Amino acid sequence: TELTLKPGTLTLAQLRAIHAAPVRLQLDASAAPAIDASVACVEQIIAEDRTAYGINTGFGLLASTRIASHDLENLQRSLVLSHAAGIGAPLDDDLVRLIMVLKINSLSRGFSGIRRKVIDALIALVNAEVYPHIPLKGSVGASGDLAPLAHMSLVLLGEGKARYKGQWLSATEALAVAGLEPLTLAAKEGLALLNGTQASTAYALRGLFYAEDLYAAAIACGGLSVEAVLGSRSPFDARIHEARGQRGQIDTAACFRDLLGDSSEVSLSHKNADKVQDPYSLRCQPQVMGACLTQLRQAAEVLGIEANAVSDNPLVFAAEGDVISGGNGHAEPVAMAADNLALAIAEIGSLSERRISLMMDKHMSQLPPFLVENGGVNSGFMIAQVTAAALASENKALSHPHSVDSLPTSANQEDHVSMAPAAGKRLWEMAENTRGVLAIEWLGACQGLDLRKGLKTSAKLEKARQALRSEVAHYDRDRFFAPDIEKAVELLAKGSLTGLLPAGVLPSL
């Protein structure tokens, strides 16, 4: 798991890996020159007793006031302490890891004027699997994610706390595990740490990875449902999608053709396989899942760029000798990317729920009502369908956009903000909702196919069936339903179906 980072070149697949599992990283040697050059430029500005806002200038009245080196050193600590004003649930370690790596990535490009040694400290925490406490809420994604990044930065100073092996350690305990001792920040370093969009970006990246996972599961589940109700393959005909010209849809049908094949034992099992027209939940899968693929591709485009962005402030341009203040802390693009992903995740679940609904209806599924025999006496999947409906509906309200709101802070200087952290975070729960729907679709279609005694579907959809049946049995007589849904959900969360989808379809896969 050893990543040698060339700053600014992380790929979405690399980000997914960093999000998914611990990492051992090292900065590429070629990053050192620009990083050290940046610090040298700050050191010269101060050595020449020059005044540079964000570098050695104070605040408010002192904003046009050079600062005594002792006080400059002190100002750093005070900024981090006061800015660590976040609240709510701790982030989990995988997400904290991602955030730390994005900050390392950005700092290591050499425009922030921070000492290499502080970057090395963050790298050491990551390699040691020591994860600073970071509370979920507080950032508005403008100037940066000041509070969550400040909470992160506390551990560096020997403040706050960090998790190691699932247990909270004091910063000193935690630093020691990393082979570190508390740091003392210099000019510009507090700002270099607290400014930026890494929390916002990390929140949205997890939303993306979830959206991708659910896309991949939905193609396999949708394939099984088609098979379970003896659906047609004609909706996936390449000529249909070429004639439309929508690329998400073209690629989506291609995926369906890949998992389903030209036919199967089960589909060959009935004289007529298309005779009657299929419902839209089946027949329009390429169009709807195609619209979702494009959506998440559009988001991923924006987020993969932001993961490599230089997002602090002000920026140090050592090549010019320049220090400049811009607005890259404003995470507006991130906020809209998260609101875009919301549409994708919601509609993936909505279509799956209608496929479940379809399999529940005797007049449409060519299956026993509620997917069970002895129907007078058994309810079978009846309430599972209800749970799917509850989950799906939830996503309509959750899809309301956060990127359209803003409140001015600090006497109207921060007078427009992105609300990107909120946008990204709601995607995690929408993904839980859509994950439960798909898990119930999975259960339904596999039950259904079982009822077409001994008949098999395609090679990849048989693997999908086998993966489920490894944990949950055919539903005979009524039994406690919930645990089956729990197991299906966990399987999906573990990416059990992801490997079935053709590679290079999804942005980070």
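A residue's number is simply how far along the shown sequence it sits, counting from 1.
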- Averaging C-alpha B-factors over each stretch, which comes out higher, 89-97 or 159-167? 159-167
- Please work out which of 67-75 and 340-348 has the higher mean CA B-factor as recorded in the PDB entry. 67-75
- Item | Peak C-alpha temperature factor (PDB record), options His363, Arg233, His402, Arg435 | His363
- Message: Per the entry's Cα B factor values, which of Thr387, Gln246, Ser200, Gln413 stands out as the maximum?
- Response: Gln413
- Message: Please say which third, lowest, middle or highest, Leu122 falls into when its CA temperature factor is compared across its chain.
- Response: middle
- Query: Is the Cα B-factor recorded for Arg16 in the lowest, middle or highest third of its chain?
  - Reply: lowest
- In terms of the chain's CA B-factor thirds, is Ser406 lowest, middle or highest? lowest
- In terms of its chain's C-alpha B-factors, the third that includes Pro314 is the highest
- Query: According to the PDB entry, is the CA B factor of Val23 in the bottom, middle or top third of its chain, that is, lowest, middle or highest?
  - Reply: highest
